[PDB]
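A.B. asks: Opening piece of a complex, kept in its complex position:
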Amino acid sequence: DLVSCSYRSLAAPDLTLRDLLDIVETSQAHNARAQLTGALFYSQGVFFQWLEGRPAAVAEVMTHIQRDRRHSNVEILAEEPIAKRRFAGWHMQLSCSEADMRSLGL
């Protein structure tokens, strides 16, 4: 009994670096206790995310994530059953480039 959820979203046009850092730090905290793992990819106003865990916990955050106003167009979440975890060890691995971080700075 273990599942994954994959979505693509368009980051708020006004998204700052502070916003990104907040998203990451909350996720770290929640996924940690809530036993979720995965990765968050940001570049140039686009989010990809992969969440994995128990269907219960994923549904929990995914309802929260969708309400979140730091992005929009939260697009066809692809709910796949998984045999094993893919990001064991990463309660939230951010993947954000040096350029992208510079941008969100300006």
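C.D. replies: All right, it came through fine. Numbers count the residues shown, from 1 in each chain, chains lettered A, B, ... in the order given.
A.B. asks: and residue A:84, how many residues sit next to it?
C.D. replies: Around residue A:84 sit 7 other residues, with neighbours defined as other C-beta atoms under 10 Å. Yep, even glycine has a C-beta here, placed from its N, CA and C like the rest.
A.B. asks: Identify the residue spatially nearest to it, adjacent ones excluded.
C.D. replies: What sits nearest to residue A:84 in space, not counting adjacent residues and going by C-beta to C-beta, 6 or more residues apart in numbering, is residue A:2, at 7.6 Å.
A.B. asks: ok, that neighbour - how many residues close by?
C.D. replies: By the measure other C-beta under 10 Å, the count of residues near residue A:2 is 13.
A.B. asks: what do you get for residue A:50?
C.D. replies: Using other C-beta under 10 Å, the number of residues around residue A:50 comes to 20.
A.B. asks: before we move on, what about residue A:43?
C.D. replies: 14.
A.B. asks: build in chain B:
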Amino acid sequence: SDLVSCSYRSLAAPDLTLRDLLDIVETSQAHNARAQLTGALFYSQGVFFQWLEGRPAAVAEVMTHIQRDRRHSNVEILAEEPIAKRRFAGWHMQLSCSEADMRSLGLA
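C.D. replies: Okay, here's chain B dropped in alongside the others:
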């Protein structure tokens, strides 16, 4: 003027190597440049996300091939989303691959 965008998420074939990844990018670069396809590829831990932007038909034609590709599977796609402006202009194939992922894909 007439730009659409396509997003998908893939599962890398379980025997995918660093060389494979490198082949996927160089092919993409060469092609996307000629086809005016811009976008980004993210790989980590067996997972691929990609965002492609360009004129409707170019996106459509590459996506048929991307889906044929044996180096991955379970290609869940996102209906041609129309876009105001490009987002990765200049980038024909911006790659996201961590140093850790680089280590693993390069093991055996």
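A.B. asks: Check the neighbour count of residue A:43 one more time with chain B there.
C.D. replies: Residues lying near residue A:43 (other C-beta atoms under 10 Å in any protein chain shown) number 23.
A.B. asks: Make sure it is actually in contact with residue B:91.
C.D. replies: No: taking contact to mean C-beta atoms under 8 Å, the distance of 9.0 Å between residue A:43 and residue B:91 leaves them out of contact.
A.B. asks: Quick check: residue A:65 touching residue A:74?
C.D. replies: Yes: under the criterion of C-beta under 8 Å, residue A:65 lies in contact with residue A:74, with a separation of 7.1 Å.
A.B. asks: what about these two, which has more around it?
C.D. replies: residue A:65 (21 against 17).
A.B. asks: my guess is that one is in a helix, correct?
C.D. replies: Yes: with the criterion set as DSSP: H, G, I helix; E, B strand; the rest coil, the secondary structure at residue A:65 is a helix.
A.B. asks: Flag every residue of chain A that's near chain B.
C.D. replies: Proximity of chain A to chain B is confined to A:6, A:8, A:39, A:41, A:43-46, A:48, A:50, A:73, A:75-76, A:78, A:80, A:86-87, A:93, A:95, A:97 under the rule C-beta under 8 Å from any C-beta of the partner chain.
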